[PDB]
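What follows is one structure encoded as structure tokens, with my remarks underneath.
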Amino acid sequence: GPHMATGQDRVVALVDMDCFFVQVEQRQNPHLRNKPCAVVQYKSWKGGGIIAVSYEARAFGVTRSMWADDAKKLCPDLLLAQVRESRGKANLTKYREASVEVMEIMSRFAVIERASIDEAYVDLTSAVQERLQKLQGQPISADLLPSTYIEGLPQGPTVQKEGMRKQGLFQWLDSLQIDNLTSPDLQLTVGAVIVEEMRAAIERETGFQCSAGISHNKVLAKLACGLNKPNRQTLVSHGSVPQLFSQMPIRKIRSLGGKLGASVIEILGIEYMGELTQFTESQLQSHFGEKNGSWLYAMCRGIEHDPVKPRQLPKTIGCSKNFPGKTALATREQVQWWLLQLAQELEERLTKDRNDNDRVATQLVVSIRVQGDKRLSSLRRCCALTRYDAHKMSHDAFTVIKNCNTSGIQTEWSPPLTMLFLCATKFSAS
DNA sequence: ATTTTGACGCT
DNA sequence: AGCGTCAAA
Ligand SMILES: [Ca+2]
Ligand SMILES: [Mg+2]
Ligand SMILES: [Mg+2]
């Protein structure tokens, strides 16, 4: 009771751009705005693979990973924007640069952890304390929270979505204890005010809309974010966790969407996150290991301590290309030419990175896949990255992989290569 | 024949 | 160091 830590010590937000690559293309081409549209890579095979989908097109059932020919079967008027191709491969530069726009805006408000090209965690604890001091116990107006949902509300004794949103927000604000600067619910509420301001700044200065979750840790913030998409933000309080988790499939919590979450379900014979509360910490550790067991015991109670790491820039810079089916590289000069294309894109991005961010990569990671291999990577080998030189980098990658060739033949390559991947890693300040 | 990414844990 | 997991668009 009095010594039971409740995981209410921080205010953490997760901001995620809505249908991000689509929004980048729609900002560039106004003909695509407010339309069912998608972003596609390549075009020859089945119209290209869809990698992002507007909410208008999602209403027709269009999804990511769909071939555009099939998506057009669901959505005959679907508009498409193609990823740029350079040196024979898809090139994501436009989206990386849009991401920088958004991340630099967010960093004005607080320390951020770049979580992916279009999402960042925000540690708002300090900013919240300062805003609380400036407000002088003044109550928080619903007008400061015009796109915020309070998960779990309204409850107790309208048929429209905005009307529900407002009633729950009213109930929340009417219950708030604003005279206590230490109340975690008030801190989350002020966090939500700041996130409204952050999201307005992002939209004003880029045109991009986003959603956000606000809660006491990264996992709950990430979950909250997805509850009301697009263009809305959701506050998940500590008190909301029991009800929220009671029907929440385990696979919806970050890191449990894969094999571990499957084993939790299988071994324990449960379906929802809240059912985890009925096991002791030692039981969970026995099944899933010391670290996972401790994490699960705390997480099913809404508690998690993983910090928002101060890192706005990616730690690796990589280029990769698949060679599916019959395109798999079967000659030496094929392998070498594609290694060079990858190395040239890598050198461009690396030189830009060094100029912008005062750092130099020191290691080159070469990874390949062989035809008929189960895994995504069949082999991974490192070498020194000493010069931002695409010919040297491609030569060194070839040197470290040349020995994979089972061909007794000079020119030929066997087994054929279905994937090449060059990654620059191990950055040092420059 | 989703493809092209990025972070982190285990041994 | 190399492999595997989990996740983004
Ligand atoms: Ca997104
Ligand atoms: Mg995202
Ligand atoms: Mg997504």
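We label chains A, B, ... in the order they appear in the structure tokens, count residues from 1 in each chain, and number ligands from 1 in the order shown.
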* Pick out the residues sitting within 10 Å of residue C:9, and hand them over as a ChimeraX atom specification; count only C-alpha atoms (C1' of nucleotides), and ignore anything fewer than 2 positions along from it in its own chain. => /A:19-22,39,50-53,64,92,95,116-118 /B:4-5
* Distance filter 12 Å, only C-alpha atoms (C1' of nucleotides), chain A against chain C, as a PyMOL selection string -> chain A and resi 16-24+38-41+49-53+64-65+83+92+95-96+99+114-120+251+253-261+365-367+375-383
* Using only C-alpha atoms (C1' of nucleotides), which residues sit within 7 Å of stretch 408-416 of chain A once same-chain residues fewer than 3 positions away are excluded, as a ChimeraX atom specification? -> /A:328-332,370-371,405
* To do: Select all residues from chain B having any atom no more than 7 Å from an atom of chain A (counting only C-alpha atoms (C1' of nucleotides), ignoring ligands), output as a VMD selection string.
  => chain B and resid 1 to 2 4 6
* A:419, A:362, A:206, A:124: which is nearest residue B:3, counting only C-alpha atoms (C1' of nucleotides)? ->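 Among A:419, A:362, A:206, A:124, it is A:419 that comes nearest to residue B:3.
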* To do: Step one, run DSSP on the backbone; step two, keep only residues of stretch 111-158 of chain A assigned to strand (DSSP E); then write them as a list in words.
  =>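 Matching residues, listed in order: residues 112, 113, 114, 115, 116, 119, 120, 121, 122, 123, 148, 149 and 150 of chain A.
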* To do: Quick one: pull the distance between atom CA of residue A:14 and atom CA of residue A:195, Å, one decimal.
  => 9.4 Å
* Would you mind writing down, as a VMD selection string, each residue of stretch 202-356 of chain A that DSSP on the backbone assigns to helix (DSSP H, G or I)? => chain A and resid 202 to 206 218 to 225 241 to 246 250 to 252 259 to 268 273 to 278 281 to 288 290 to 299 325 to 327 332 to 356
How would the residues just picked look written out with C-alpha atoms as a tab-separated table (two decimals), in the first residue's frame?
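Written file, selection.tsv:
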chain	number	residue	atom	x	y	z
A	202	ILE	CA	3.72	20.54	-36.21
A	203	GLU	CA	0.61	21.11	-38.30
A	204	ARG	CA	1.16	24.87	-38.69
A	205	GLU	CA	4.82	24.61	-39.63
A	206	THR	CA	4.68	21.47	-41.82
A	218	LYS	CA	6.27	4.64	-23.22
A	219	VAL	CA	4.21	1.44	-23.58
A	220	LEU	CA	1.00	3.08	-22.36
A	221	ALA	CA	1.65	6.24	-24.40
A	222	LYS	CA	2.12	4.13	-27.55
A	223	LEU	CA	-1.07	2.15	-26.84
A	224	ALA	CA	-3.02	5.35	-26.06
A	225	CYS	CA	-1.89	6.93	-29.34
A	241	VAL	CA	-5.53	0.62	-16.80
A	242	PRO	CA	-7.62	-2.17	-15.12
A	243	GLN	CA	-10.64	-1.67	-17.38
A	244	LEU	CA	-8.55	-0.94	-20.49
A	245	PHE	CA	-6.42	-4.04	-19.93
A	246	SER	CA	-9.33	-6.33	-19.01
A	250	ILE	CA	-1.85	-9.30	-25.25
A	251	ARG	CA	-0.54	-8.84	-28.81
A	252	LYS	CA	-1.56	-5.17	-28.80
A	259	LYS	CA	6.67	-14.85	-30.53
A	260	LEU	CA	6.91	-13.85	-26.86
A	261	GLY	CA	3.29	-12.67	-26.75
A	262	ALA	CA	2.26	-15.89	-28.45
A	263	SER	CA	4.05	-17.90	-25.78
A	264	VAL	CA	2.46	-15.82	-23.01
A	265	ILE	CA	-0.96	-16.71	-24.45
A	266	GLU	CA	-0.02	-20.37	-25.01
A	267	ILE	CA	1.79	-21.20	-21.78
A	268	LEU	CA	-0.52	-19.28	-19.48
A	273	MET	CA	-3.25	-8.18	-20.67
A	274	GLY	CA	-5.18	-7.88	-17.38
A	275	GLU	CA	-5.24	-11.64	-16.83
A	276	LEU	CA	-1.47	-11.42	-16.27
A	277	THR	CA	-2.10	-9.91	-12.85
A	278	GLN	CA	-3.02	-13.29	-11.45
A	281	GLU	CA	6.57	-12.31	-10.48
A	282	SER	CA	8.45	-15.57	-9.92
A	283	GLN	CA	5.92	-17.52	-12.00
A	284	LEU	CA	6.29	-15.11	-14.92
A	285	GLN	CA	10.09	-15.22	-14.63
A	286	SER	CA	10.00	-19.02	-14.60
A	287	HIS	CA	8.14	-19.09	-17.90
A	288	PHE	CA	9.67	-16.12	-19.72
A	290	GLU	CA	14.03	-13.01	-15.32
A	291	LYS	CA	13.85	-9.81	-17.37
A	292	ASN	CA	10.69	-10.56	-19.36
A	293	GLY	CA	8.98	-11.89	-16.23
A	294	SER	CA	9.74	-8.75	-14.23
A	295	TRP	CA	8.69	-6.57	-17.15
A	296	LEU	CA	5.39	-8.45	-17.58
A	297	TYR	CA	4.57	-8.42	-13.86
A	298	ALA	CA	4.95	-4.63	-13.80
A	299	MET	CA	3.44	-3.96	-17.25
A	325	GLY	CA	12.23	-15.07	-57.59
A	326	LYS	CA	14.13	-15.17	-60.87
A	327	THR	CA	15.88	-11.80	-60.40
A	332	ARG	CA	29.64	-12.10	-59.98
A	333	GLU	CA	29.32	-8.84	-61.91
A	334	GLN	CA	25.62	-8.66	-61.00
A	335	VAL	CA	26.52	-8.86	-57.30
A	336	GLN	CA	29.24	-6.25	-57.78
A	337	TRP	CA	27.09	-3.77	-59.74
A	338	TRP	CA	24.32	-3.84	-57.14
A	339	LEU	CA	26.85	-3.58	-54.30
A	340	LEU	CA	28.06	-0.44	-56.05
A	341	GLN	CA	24.54	1.03	-56.39
A	342	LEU	CA	23.90	0.43	-52.68
A	343	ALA	CA	27.31	1.87	-51.78
A	344	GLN	CA	26.68	5.01	-53.83
A	345	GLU	CA	23.39	5.75	-52.11
A	346	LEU	CA	25.09	5.00	-48.80
A	347	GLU	CA	27.95	7.39	-49.55
A	348	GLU	CA	25.51	10.17	-50.44
A	349	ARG	CA	23.55	9.74	-47.22
A	350	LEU	CA	26.73	9.35	-45.15
A	351	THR	CA	28.34	12.54	-46.48
A	352	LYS	CA	25.13	14.47	-45.81
A	353	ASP	CA	24.99	12.95	-42.31
A	354	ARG	CA	28.58	13.94	-41.56
A	355	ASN	CA	27.97	17.55	-42.67
A	356	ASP	CA	24.67	17.89	-40.77
* To do: Between A:359, A:238, A:391, A:229, single out the one closest to ligand 2, counting only C-alpha atoms and all ligand atoms.
  =>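 Counting only C-alpha atoms and all ligand atoms, the residue closest to ligand 2 is A:229.
One distance worth recording is that between atom CA of residue A:146 and atom CA of residue A:188, which is 15.5 Å.
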